[PDB]
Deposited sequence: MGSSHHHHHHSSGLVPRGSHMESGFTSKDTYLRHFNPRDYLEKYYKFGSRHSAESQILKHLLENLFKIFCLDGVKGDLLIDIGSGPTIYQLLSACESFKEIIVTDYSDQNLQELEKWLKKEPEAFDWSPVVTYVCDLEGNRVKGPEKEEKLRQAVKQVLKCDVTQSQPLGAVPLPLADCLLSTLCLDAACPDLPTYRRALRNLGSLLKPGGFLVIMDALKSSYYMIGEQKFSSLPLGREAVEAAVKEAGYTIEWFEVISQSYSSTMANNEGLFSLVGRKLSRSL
């Protein structure tokens, strides 16, 4: 199973963005964006602080979220990935072009702003960029942070967790960052055992709906929403059966 080490040496953040975020990849990103819209815009989910866990080099998962949460902390294990994110934050020439994705979100949200203004609201929202390891009982390190109103994690936990016990423990580690009554939002692959960035292979925990749901409940959360798309990534990308999106509340 892919080690943390392999992420630092061999996960190329720009290639990942080229592979997935420029087909099945399109159809899945469309669906994830519509779920995020639903969760952050239509549903309750609101607050002062959202912490995004395993952000990678991506910002798509934060586009509707910056409308509901004053402040966003982005986090990942790989500093190389956070640096790729930071290129976008700082509006650098070589930064990835999220404009097609941003426009789609603006569309979903009733065209009340244009892309530029939406991007400026996300850049304004992101307050800290920090290191994170979900396998650590203190995932963000030795210094305390304020407790979050929401924890967001997209396509991270299956890749971070080599087995079911570690998966449960990661949910409890992350819970320590969340205030009681805080929301846990997870989107991840279903029954996937690997994914690809070009020729480089990464492991995935092949988890099913029942296993995900039982694990989230055991870790001390209620499930408010669980939704499945049974769309696999392209044949050279992953062997997932589909993707899930769950919303949970930490117990009070």
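Check: So which bits of the deposited sequence did not make it into the model?
Finding: Unobserved in coordinates, per deposited numbering: 1-24, 47-51, 282-284.
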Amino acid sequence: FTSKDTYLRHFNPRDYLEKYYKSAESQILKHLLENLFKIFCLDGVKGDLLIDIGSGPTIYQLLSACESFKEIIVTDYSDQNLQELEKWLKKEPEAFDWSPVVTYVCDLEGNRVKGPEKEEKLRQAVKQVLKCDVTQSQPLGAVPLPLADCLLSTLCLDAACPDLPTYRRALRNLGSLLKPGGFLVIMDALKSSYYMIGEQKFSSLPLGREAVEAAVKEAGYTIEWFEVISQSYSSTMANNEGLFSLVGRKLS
From here on, numbers count along this sequence of modelled residues.
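Margin query: Using only C-alpha atoms and the B-factors in the entry, which stretch averages higher, 212-220 or 182-190?
Written below: Comparing 212-220 with 182-190, the higher average CA B-factor belongs to 212-220.
Notebook entry, point to check: Lowest, middle or highest third: where is residue 83 by Cα B-factor in its chain?
Noted result: Tercile = highest for this residue's CA B-factor.
Next item on the list: Consider only the C-alpha atoms of the modelled residues in this chain, order them by B-factor as the entry records it, and name the third containing residue 70: lowest, middle or highest.
Entry: Middle third by C-alpha B-factor.
Note to self: Taking only the Cα B-factors deposited for this chain, tell me whether residue 176 sits in the lowest, middle or highest third.
What the structure shows: Its C-alpha B-factor, which the entry lists for residue 176, ranks in the lowest third among residues of this chain.
Checklist line | Chain-relative CA temperature factor third for residue 166 | finding: It belongs to the middle third of the chain when residues are ordered by C-alpha B-factor.
Margin query: What third of the chain does residue 37 rank in for C-alpha temperature factor, lowest, middle or highest?
Written below: Its C-alpha B-factor belongs to the middle third of this chain's values.
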